[PDB]
Protein chains: 2
Amino acid sequence: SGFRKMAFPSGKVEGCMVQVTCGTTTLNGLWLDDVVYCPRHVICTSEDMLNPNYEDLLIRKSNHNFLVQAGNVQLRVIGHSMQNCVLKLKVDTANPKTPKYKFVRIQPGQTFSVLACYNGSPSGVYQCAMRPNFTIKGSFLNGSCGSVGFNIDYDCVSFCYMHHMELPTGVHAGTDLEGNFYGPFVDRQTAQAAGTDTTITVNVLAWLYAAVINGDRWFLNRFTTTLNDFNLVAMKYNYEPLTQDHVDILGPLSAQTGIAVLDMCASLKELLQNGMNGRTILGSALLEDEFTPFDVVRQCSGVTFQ
Amino acid sequence: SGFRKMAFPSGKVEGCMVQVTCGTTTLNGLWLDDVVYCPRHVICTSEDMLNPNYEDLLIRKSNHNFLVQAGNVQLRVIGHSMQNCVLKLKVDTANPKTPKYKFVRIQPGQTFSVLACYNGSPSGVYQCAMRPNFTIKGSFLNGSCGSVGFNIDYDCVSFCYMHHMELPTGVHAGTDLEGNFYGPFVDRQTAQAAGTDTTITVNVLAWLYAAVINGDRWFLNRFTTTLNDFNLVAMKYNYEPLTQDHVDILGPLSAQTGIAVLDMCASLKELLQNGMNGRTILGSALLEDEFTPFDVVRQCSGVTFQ
Ligand SMILES: *[C@H](O)[C@H](C[C@@H]1CCNC1=O)NC(=O)[C@H](CC(C)(C)C)NC(=O)OCc1cccnc1
Ligand SMILES: *[C@H](O)[C@H](C[C@@H]1CCNC1=O)NC(=O)[C@H](CC(C)(C)C)NC(=O)OCc1cccnc1
């Protein structure tokens, strides 16, 4: 037993991390086969980053302007091109550590692991959710751009995130690995801001099931509620609507615990209306919304990856 | 910016994880050079685990009773011996992925990363602290024994934990890699229980500094306190005494924020006496004690590892 914010083992992604330097700018790249992927603002300098035109900036570049270092070994750039907000540097060496992989784009509410990197060297790994407002609450310092987010499914790495910037509230924005931003953000210095967020209701319910599985039961009650009556309360507390698909996805956890989904909704209702009364759930004094139903089943059952 | 519970990149440890099967029991082993380390209760069966004598059990064993699988490749056991509560299986192949490593024993209050594993396959990674009562609040299911805890220092893996069991409160107990238990626990089925815990005061202060660094300032105040007067309040709320060494270790974070350690103690005092009043610190509604001063400096500064 126990329930922890758990990341995927990072080894398969560590073997892909490289350092990309162009001019004064150094950041991380992702080396898969003979391509290195990195944020396109590497071609920028401190006065270029105000309002740049990357197509104009990139034609002025040469292959030899791009210094790529994989550990203590320098990779020769033999081609370059831009794909939306990422750069693809073609190198003369295929990464022998390339895992089986996919480029996937995730949905708000879904979770992934982040391998934070500086100078092409991995620093730490942690779990993130894509917020409803398409930001992530990460931990990123200068030099972390190009760090990637991912999930692992048996042996296959699904890359879903490349880090690009921090917003003024301290949250983070980035792209999928095709270079398309998550949310209404651009890789320029403007007055961009996150904008309003909501709480991921289905995830909170998943976590309440995790709690019951782990022996926290004090918030359970004999009452029930209809889906519509729950959603009236959800809206008042800035929770997203729960759909019948959410109810269906919570079926397995319902069945394992014997607690009907709508019953657990009544519990959430009371928790929202009365608070916690000085008690905790799974060591938290707040309702936690960054575990998906999949995360709970994985951890509270024990799935591995080769 | 941002502050997350961050584990070390796990790749160096993933390359050491193997599966050890003896009779009906399967668990994880740690393969370094030509030795596989695993919990000695692998030599036990369901009626042996009540009150065993492992010396008697082990002389009855043959090398060929031990099935060791590194991925899809079977390692020939050529020797075995017991070291306290771990078994050392000598194998005919040195692990070509052996990192530079040390076996270290950690102190209560210190943190480490856990690579949770099943059947020799890594499942997830997460950060743990050694509680003052020598338990860890982990996430471990059947088959997880032999999973190891570790820290990484540049390129060197310091192994500090091997998982052995779960206590009746859902917390976890294990050994260092010399096979000596953390705390007053034995690898047998008895009525063992955790016993009383305390909150790691120096870590809470470290986390308050992390919060200030990240823009959470509402809990700051103009008051100060003496170390003795703080420790009188600490004892009342079941916090460990703060020592002058703790104060010294918090110096750098004090200097970075301009908040004297004893000033931050006055803030902690008020937080303990008034609670949080519906506010949060770094996304938590409780005082967090599983980040060390080192963890805060590492994350709030950006140290990496090769
Ligand atoms: C890339 O390494 C960097 C990552 C930032 C730096 C601090 N935390 C991060 O996540 N990204 C940027 O510096 C980005 C550059 C572009 C606007 C994409 C061109 N700008 C940015 O994040 O500005 C906000 C910021 C910068 C530095 C410190 N705090 C906030
Ligand atoms: C080893 O894989 C296993 C790990 C346990 C199982 C559930 N969570 C864990 O951490 N360890 C044991 O089963 C251990 C065996 C010895 C007493 C060391 C011989 N016993 C144990 O942990 O008993 C408590 C328990 C077992 C199973 C489920 N919940 C609690």
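Shown for chain A, in order and in Swiss-Prot numbering: 3264-3569.
Just so you know, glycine gets a Cβ as well, placed from its N, Cα and C.
What Swiss-Prot records for A:3264-3569 is domain 'Peptidase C30'.
If you look up Swiss-Prot, you'll see A:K3268 (among others) marked as ubiquitin cross-link, on the strength of experimental evidence. DSSP classifies A:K3268 (ubiquitin cross-link) as coil under the three-state reduction.
Residues or ranges marked as active site, for 3CL-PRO activity by Swiss-Prot on the basis of sequence analysis: A:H3304. Within its own chain, A:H3304 (active site, for 3CL-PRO activity) has A:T3288, A:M3312, A:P3315, A:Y3317, A:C3348, A:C3408, A:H3427, A:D3450 as residues 6 or more apart in sequence whose C-beta sits under 8 angstroms from its own.
Residues or ranges marked as ubiquitin cross-link by Swiss-Prot on the basis of experimental evidence: A:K3353 (among others). Annotation note: A:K3353 (ubiquitin cross-link) sits in a strand segment as assigned by DSSP. Within the same chain, the residues at least 6 positions away from A:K3353 (ubiquitin cross-link) whose Cβ sits under 8 Å from its Cβ are A:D3297, A:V3298, A:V3340, A:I3341, A:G3342, A:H3343, A:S3344, listed in sequence order.
According to Swiss-Prot, the active site, nucleophile annotation covers A:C3408, on the basis of experimental evidence.
Residues A:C3408, taken from the recorded positions A:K3268, A:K3353, A:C3408, are distinguished by a CB atom under 6 angstroms from ligand 1.
Annotation for A:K3268 (ubiquitin cross-link): spatial neighbours A:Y3389, A:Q3390, A:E3553, A:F3554, criterion Cβ-Cβ under 8 Å with sequence separation of six or more.
Those recorded positions from A:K3268, A:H3304, A:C3408 lying by chain B, with Cβ under 8 Å from one of its Cβ atoms, are A:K3268.
For A:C3408 (active site, nucleophile), the count of additional Cβ atoms within 10 Å of its Cβ stands at 25 [all protein chains shown].
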